[PDB]
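Next up is one chain by itself, shown in structure tokens, the form deposited in one PDB entry.
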């Protein structure tokens, strides 16, 4: 009774007839993996789930990122608590693909809607696959093969740390650990083989094989193009919603329009491999 309902041609599907708060069968797991590989972002409603059950579900689709440093559920360091009462989430109101400044950016995440404002706070997703397919041939030919630099300081500039000398040293220290690195501009999905634009406003600073000026123009083009209505969907949250997206070929945008209302989410991140 596992049911997959596509939400739009470019990406997105809703799933029902499966209780992911319990161990799912092999068949169900594989049915959802296929849906992910096809639709890239999956939604389930009326699916309450605790962090332990959320981790047990996400771990079925890859290894989980362990964290004791970020806002965690004490019992499960595999599930991250996102609380607007504790952490400002304003910088999520930008198109981004998660941790693309890493050598192996996250495979994806399972997100749980715990506490929501009456309304507002939508999240959008955009398909790198659909976006890439819609580019003109000559543009696809040129970009496929090129590489781009990703740098965490684009989303975490010096001013976001502090104007104090020790805030400056912290910024230099985290920079040493996460120096700028490169990924293909057109990424081949490691499972499905589907090609996708793999730059995002959050982290992409430079198309390496173009000049600074040429790069600025192309990236501004690609940033605007890839986030067009044709390549995206918009989710209006309800409590107990669950979202499961493939971070290897999407970007997303957390609309910040509900301050100072409290919003609480739970996140489990699935580890990814090297983009090629």
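Numbering follows the first chain given and starts at 1. Between two forms, the rigid core is the largest collection of C-alphas that superpose within 1.5 Å. Residues that one form lacks are left out of the comparison.
One more form of this protein should be noted, the form deposited in another entry, which is absent from this view; the next part is about it.
- Rigid-core fit between this form and the one not shown: of 118, 137, 169, 191, the one residue whose Cα shifts 2 angstroms or more is 169.
- Core-superposed comparison between this form and the one not shown: the CA of residue 158 exceeds or equals a 2 Å shift.
- Taking the rigid core as fixed, one finds a CA shift for residue 221 smaller than 2 Å between this form and the one not shown.
- Once the rigid core is used as the reference frame, the Cα position of residue 70 differs between this form and the one not shown by 2 Å or more.
- Relative to this conformation, an increase of 3 Å or more in the Cα-Cα distance between residue 161 and residue 268 is found in that other deposited form.
- Legend note: Cα of residue 160 to Cα of residue 256 is at least 3 Å closer in that other deposited form than in the depicted form.
- Core-based superposition between this form and the one not shown shows that the consecutive residues, three or more at a time, whose C-alphas shift by 2 angstroms or more lie in 68-70, 156-176.
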